[PDB]
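Enquirer: Sequence and experimental coordinates follow.
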Amino acid sequence: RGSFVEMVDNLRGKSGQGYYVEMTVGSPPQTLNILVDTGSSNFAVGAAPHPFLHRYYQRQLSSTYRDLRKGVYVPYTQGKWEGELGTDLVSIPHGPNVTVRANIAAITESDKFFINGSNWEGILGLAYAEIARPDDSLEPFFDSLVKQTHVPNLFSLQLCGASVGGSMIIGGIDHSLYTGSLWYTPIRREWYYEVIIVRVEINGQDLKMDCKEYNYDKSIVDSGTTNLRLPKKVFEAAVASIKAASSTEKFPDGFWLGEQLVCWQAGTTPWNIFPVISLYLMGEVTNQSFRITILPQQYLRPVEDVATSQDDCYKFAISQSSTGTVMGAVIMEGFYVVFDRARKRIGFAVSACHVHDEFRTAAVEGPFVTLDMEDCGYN
Ligand SMILES: N#Cc1ccc(C(=O)Nc2ccc(F)c([C@]3(CF)C[C@@H](C(F)(F)F)OC(N)=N3)c2)nc1
Ligand code: NA
Ligand code: NA
């Protein structure tokens with residue numbers, strides 16, 4: 001408990017392309033890099049020579065592969081993949097010293113799913129069976145891991161933004177990865193890691209919306225999405241408020257919509273004109289909340305691959321959503337996040353690796369008194 005040196009720094013990535021862990025599949029073991037995704041629940045790996053893939057699962061080479069004789073077709077808003085379901089032996093080399101028999105979707109066809117240039121070739125869905133495809137009888141990886149071993153039913157993620165890196169501690173927490181205290185919010189329902197946001201402030205100024213708007217139709221914590229995505233009506237109020245707070249510089253409207261980049265002369269980003277963003281989350285106790293605060297260093301994302309420019313260019317990474325709030329890597333890179341599935345709750349603490357400056361830091365503070373927090377959930 002509390003110290004897992006073998007798992008520290010077991011994540012890698014590049015800006016824009018997410019965080020992956022090494023895994024092995026099959027006998028003898030085939031090494032693959034796998035995107036860590038708390039926003040889905042399938043373990044799905046490229047299993048054919050798509051041109052974007054460094055490596056892919058070759059079932060023919062595994063003596064322990066078992067075919068389930070069942071296909072799956074999985075479309076998302078953008079992107080889709082199709083695969084053939086089976087089971088095989090899976091390990092995490094920089095993870096617990098265990099091997100488990102897990103479901104795997106061998107991806108045989110995909111569109112807009114793999115990233116050209118990335119170094120990962122499958123996804124590890126860490127959420128619950130309820131959103132597994134094709135249905136909840138396909139047990140997710142982490143459920144198999146916990147049923148089949150003595151690994152405790154929890155994992156924690158420290159995502160260190162811009163090469164990016166970080167740690168996924170499987171079966172515990174490592175107290176060297178955060179400072180101050182962990183504060184916990186209840187998992188409202190086990191499907192996504194759904195939570196309830198009870199208040200939102202921009203530089204300490206409350207947006208004063210009906211709090212159900214913050215969770216319409218849900219709010220989730222999702223390592224497989226880059227942005228902080230907010231329900232449209234909340235996005236509108238938040239942007240209006242951020243524009244006001246930064247109004248000593250004027251930016252094109254398209255910037256706030258994520259339709260164009262903004263660039264400054266190198267080493268001169270005016271961090272201090274941009275406000276901090278605070279989300280208050282439902283706490284463990286009746287009428288008690290806590291708040292997490294992030295900086296422009298989290299929500300203004302560096303874009304380095306801008307071949308048509310010399311300067312430091314950034315994308316605004318808070319965007320409008322029609323699927324609820326998504327606390328993607330913009331939120332998670334401020335914090336050490338504990339997915340305490342055994343107690344159905346999510347812990348946040350200030351990350352020991354988060355990007356900040358001499359004036360401001362990411363923060364996790366409580367307790368606050370917040371009434372009617374159960375009305376903030378959408379049914
Ligand atoms: N930081 C960062 C960062 C950068 C890139 C990325 C990245 O490419 N993710 C990725 C790629 C294809 C994918 F199909 C998905 C999916 C898989 F289920 C669907 C996606 C949705 F539902 F939104 F389509 O939401 C989530 N949660 N997972 C995620 N992830 C994180
Ligand atoms: Na167990
Ligand atoms: Na600590």
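Expert: Great, that's in hand. Residues are numbered from 1 along each chain as shown. Ligands and ions are numbered 1, 2, ... in the order given.

Enquirer: how about stretch 315-333, does it reach ligand 1?
Expert: Yes - Stretch 315-333 is in contact with ligand 1 by Cβ under 6 Å from any ligand atom, via residue 329. In short, each C-beta sits where N, CA and C put it, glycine included.

Enquirer: gap between the two ends of that stretch?
Expert: For stretch 315-333, the first and last residues are 16 Å from each other (Cα to Cα, to the nearest Å).

Enquirer: Give the buried residues for it.
Expert: For stretch 315-333, the neighbour count (16 or more other Cβ atoms under 10 Å) marks 315-321, 324-333 as buried.

Enquirer: Give me the subset of the residues you listed lying in helices.
Expert: Of those, the ones assigned to helices by DSSP state H are 329-332.

Enquirer: From those residues, pick the one nearest ligand 1.
Expert: Distance to ligand 1, by Cβ to the nearest ligand atom, is smallest for residue 329 among these, at 3.0 Å.

Enquirer: beta partners for residue 292?
Expert: Under DSSP bridges, the beta-bridge partners of residue 292 are residue 279, residue 364.

Enquirer: who in the stretch 101-250 of the chain is up against ligand 3?
Expert: Contact residues, the stretch 101-250 of the chain versus ligand 3 (Cβ under 5 Å from the ion): 175, 178.

Enquirer: show me what contacts the residue in the stretch 101-250 of the chain positioned nearest to ligand 3?
Expert: Nearest to ligand 3, among the residues of the stretch 101-250 of the chain, is residue 175, at 4.3 Å (Cβ to the ion). By Cβ atoms under 8 Å, 6 or more residues apart in numbering, the contact list for residue 175 reads 2-3.

Enquirer: backbone phi and psi for it, please?
Expert: phi -60, psi -20 (degrees, to the nearest 10).

Enquirer: Show me which residues of the protein are close to ligand 1?
Expert: 17-18, 35, 37, 39-40, 76-77, 79, 113, 115, 123, 222, 224-226, 329.

Enquirer: Just the ones of these in strands?
Expert: Among those, the members falling in strands (DSSP state E) are 35, 37, 123.

Enquirer: ok, what's across the strand from the last one?
Expert: Right, the one you point to is residue 123. Counting by DSSP bridges, residue 123 is bridged to residue 35, residue 44.

Enquirer: Go ahead and confirm it touches residue 37.
Expert: Yes - with contact defined as Cβ atoms under 8 Å, residue 123 counts as touching residue 37 (4.9 Å).

Enquirer: Show me this structure divided up by domain.
Expert: Following curated CATH domains, the chain resolves into domains at 19-151, 152-379.

Enquirer: for this protein, which helix is longest?
Expert: Using DSSP H, we find that the single longest helix of the chain is helix 232-245.

Enquirer: Sort out which residues of it are buried, please.
Expert: Within helix 232-245, the residues that count as buried by 16+ other Cβ under 10 Å are 234-235, 237-239, 241-243.

Enquirer: Show me what secondary structure element comes after it.
Expert: helix 253-256 (DSSP states H and E).

Enquirer: And that following helix, what's buried?
Expert: Neighbour counts over helix 253-256 (16+ other Cβ under 10 Å) mark 255-256 as buried.

Enquirer: Next secondary structure after it?
Expert: In N-to-C order, the element after helix 253-256 by DSSP H and E is strand 262-264.

Enquirer: strands paired with that next one, and their directions?
Expert: Strand 262-264 has these strand partners (DSSP bridges): strand 312-316 (antiparallel).

Enquirer: Now do the partner strand against helix 232-245, angle only.
Expert: When axes from the mean of the first three to the mean of the last three Cα atoms, to 10 degrees is applied, the directions of strand 312-316 and helix 232-245 differ by 140 degrees.

Enquirer: now what about strand 312-316, what contacts it?
Expert: 255-258, 261-269, 299-304, 306.
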